[PDB]
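Student: Supplied in structure tokens, the structure appears directly below.
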Amino acid sequence: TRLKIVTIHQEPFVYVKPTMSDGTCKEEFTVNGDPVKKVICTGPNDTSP
Ligand SMILES: *[C@@H]1O[C@H](CO)[C@@H](O)[C@H](O)[C@H]1NC(C)=O
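The deposited numbering numbers the first residue of the sequence shown as 396 and each following residue consecutively.
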């Protein structure tokens, strides 16, 4: 039922954005007026140092 998915930070394929207030995403529109179906991914900010 639940499948854990991993991906790498690559902008033209996986856009990664900081949240607005707390775990939420600003519903942006395309040039065709399509709201982009986003997802709440879990990632670190930078490397361990
Ligand atoms: C993540 O790192 C960037 C660069 O230092 C910083 O601007 C941002 O505030 C960090 N995220 C948080 C909320 O800790």
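Beta carbons are placed, not taken as given, at the ideal position from N, Cα and C, and that holds for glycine.
#1: If you check the beta carbons only, do residue 419 and residue 409 fall under 7 Å apart?
#2: So, for residue 435: in the same chain, excluding its five sequence neighbours on each side, which residues have a beta-carbon less than 6 Å away from its beta-carbon?
#3: Quick one: grab the DSSP three-state call for residue 408.
Tutor: Quick look at the numbers:
#1: Not closer than 7 Å, so no.
#2: 418, listed in sequence order.
#3: Coil, per DSSP.
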